[PDB]
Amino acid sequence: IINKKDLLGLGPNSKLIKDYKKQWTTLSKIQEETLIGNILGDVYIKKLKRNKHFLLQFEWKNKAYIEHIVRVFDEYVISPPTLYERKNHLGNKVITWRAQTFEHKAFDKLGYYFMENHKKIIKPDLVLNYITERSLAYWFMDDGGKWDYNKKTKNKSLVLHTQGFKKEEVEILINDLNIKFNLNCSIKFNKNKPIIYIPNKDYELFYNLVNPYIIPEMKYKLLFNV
């Protein structure tokens, strides 16, 4: 009946760790739907030749946000989030927070579903069979944006930053999102790569779908003047 407390600082190949893992086989509904959003967003779902099952590597600027994600996947995360400071070619110090799950079979289904030749890809049935409003909220906290950053604007158009996907992949998302959630998303380009524009007249709908899941430190991505 192994407590995770005890795994803290043990060498990777410790028996206690392998015995701890069998206390879990599949992601919860909540974890699965969260994680579908995060994969579309900011999470690395990682399996190289060296890895026996998928794990997650987490990296965010926002401290409250990474600590929230770690609580959702609490079981799978041994060590707390760690501040990392890097110098960049400009010579400026950059701060982020980092966390990792261990490898675990529970991550394999979504790992094989999303990753193909070490690229994230959009499966033709992703939207229909997997994306819920919980998934949409996480995708939005990760990769979400305003069309108009003027603080006093009346234009409440929003963006999902899908630059890393293929045009034809984003066209699938837009088509299936508009059928499943009755949105009027349309495609646009940012540095010649595809993004999802959510028009102003979808704002009340989108808000009412995702706002229930948005944590207090992420409401700003969604909030305009009334």
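From 1 onward, residues are counted along the sequence shown.
Do the C-alpha atoms of 7-15 or of 214-222 have the higher average B factor in the entry?
Taking the mean C-alpha B-factor of 214-222 and of 7-15, the larger value falls to 7-15.
Mean CA temperature factor from the deposited coordinates, higher in 20-28 or in 205-213?
Stretch with the greater average CA B-factor: 20-28.
Highest recorded Cα temperature factor - choice among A99, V72, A137, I78
The C-alpha B-factor peaks, among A99, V72, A137, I78, at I78.
Out of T162, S186, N200, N51, which one has a C-alpha B factor higher than all the others in the entry?
Going by the entry's C-alpha B-factors, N51 comes out highest.
Classify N192 as lowest, middle or highest third according to the C-alpha B-factor given in the PDB entry, relative to its own chain.
Highest third, going by the recorded CA B-factors of the chain.
Per the entry's values, where does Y113 land by CA temperature factor relative to the rest of its chain, in the lowest, middle or highest third?
Ranked within chain, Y113 CA B lands in the lowest tercile.
Looking at the C-alpha B-factor of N175, is it in the lowest, middle or highest third of its chain?
Answer is middle: the recorded C-alpha B-factor places it there.
So where's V127 on the chain's Cα temperature factor ranking, which third?
Middle third of the chain for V127's C-alpha B-factor.
Lowest, middle or highest third: which one holds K166 when the chain's residues are ordered by CA B-factor from the entry?
Within its chain, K166 is a highest-third residue by C-alpha B-factor, going by the deposited values.
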